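Visitor: My structure is below; once you've seen it, I'll send some questions.
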Amino acid sequence: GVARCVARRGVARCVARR
């Protein structure tokens with residue numbers, strides 16, 4: 001449920017984790 005945007009080598013990856 002937690003939409004987390006993580007910067008992965010410049011790329012902004014928004015993934016929902018629980």
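We label chains A, B, ... in the order they appear in the structure tokens, count residues from 1 in each chain, and number ligands from 1 in the order shown.
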List every residue of chain A that DSSP, applied to the backbone, labels as strand (DSSP E or B), and write the result as JSON, numbers by chain.

Guide: {"A": [2, 3, 4, 5, 6, 7, 8, 11, 12, 13, 14, 15, 16, 17]}

Visitor: For the residues in the current selection, export C-alpha atoms as an mmCIF file, in the first residue's frame.

Guide:
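Output below, filename again01.cif:
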data_model
loop_
_atom_site.group_PDB
_atom_site.id
_atom_site.type_symbol
_atom_site.label_atom_id
_atom_site.label_comp_id
_atom_site.auth_asym_id
_atom_site.auth_seq_id
_atom_site.Cartn_x
_atom_site.Cartn_y
_atom_site.Cartn_z
ATOM 1 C CA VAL A 2 2.955 2.288 0.427
ATOM 2 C CA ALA A 3 3.674 3.833 -2.932
ATOM 3 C CA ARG A 4 7.375 4.407 -2.766
ATOM 4 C CA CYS A 5 9.379 6.110 -5.412
ATOM 5 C CA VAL A 6 12.924 4.948 -5.345
ATOM 6 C CA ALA A 7 15.595 6.379 -7.518
ATOM 7 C CA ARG A 8 17.264 3.490 -9.227
ATOM 8 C CA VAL A 11 15.258 6.276 -12.896
ATOM 9 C CA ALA A 12 12.390 7.153 -10.589
ATOM 10 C CA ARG A 13 10.665 3.883 -9.827
ATOM 11 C CA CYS A 14 7.402 4.169 -8.026
ATOM 12 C CA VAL A 15 6.360 0.832 -6.674
ATOM 13 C CA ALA A 16 3.593 0.068 -4.251
ATOM 14 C CA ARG A 17 4.854 -1.935 -1.339
#
